[PDB]
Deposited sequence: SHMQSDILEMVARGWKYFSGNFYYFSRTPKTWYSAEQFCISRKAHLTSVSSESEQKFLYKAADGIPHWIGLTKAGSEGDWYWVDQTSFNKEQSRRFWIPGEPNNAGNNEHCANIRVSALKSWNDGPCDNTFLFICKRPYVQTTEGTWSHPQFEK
């Protein structure tokens, strides 16, 4: 009810509700850095992917169009991490990377196929649609 009217407010602002989080699928493309700053300006972050269930929601909604998510590599030689400061599960990510990815500039992940294995490692300065997440509180 109060959750229901909060959902209605966010839906009118372009957000989708799923499993206790709000998601913003953008209408225009941005670099990974600019998209993260846009999500911050919306009290959000580029989305993390914490479960197979969340990955399935994201890839279906992304509809085979590249969408930035919030995983980035600390330069070409670092580990991958989530900008929202949840801990990255690199072992499960073997179920999410497109085979052969990360291909290994600056390195940023985007969802680009309508399958479970959908993450691509792409140059962070490419301009793609993007996906913010903000937990419902």
| query | finding |
| --- | --- |
| Where the deposited sequence has no C-alpha coordinates (positions from 1, in order) | 105-107, 141-154 |
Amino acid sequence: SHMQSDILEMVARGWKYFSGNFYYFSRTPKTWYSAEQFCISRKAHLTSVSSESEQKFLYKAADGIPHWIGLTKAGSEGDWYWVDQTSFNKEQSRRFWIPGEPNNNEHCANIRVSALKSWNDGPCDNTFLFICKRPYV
From here on, numbers count along this sequence of modelled residues.
{"item": "Given 34-42 and 56-64, the range whose Cα B-factors average higher in the PDB entry", "value": "56-64"}
{"item": "Among 74, 83, 69, 98 - the residue whose C-alpha B-factor is largest in the record", "value": "74"}
{"item": "C-alpha B-factor winner, where the candidates are 105, 47, 92, 87", "value": "105"}
{"item": "Residue 28 CA temperature factor, ranked by third within the chain", "value": "highest"}
{"item": "Where the record places residue 10 (Cα B-factor, split into thirds across the chain)", "value": "lowest"}
{"item": "Ranked C-alpha temperature factor of residue 134 among modelled chain residues, by third", "value": "middle"}
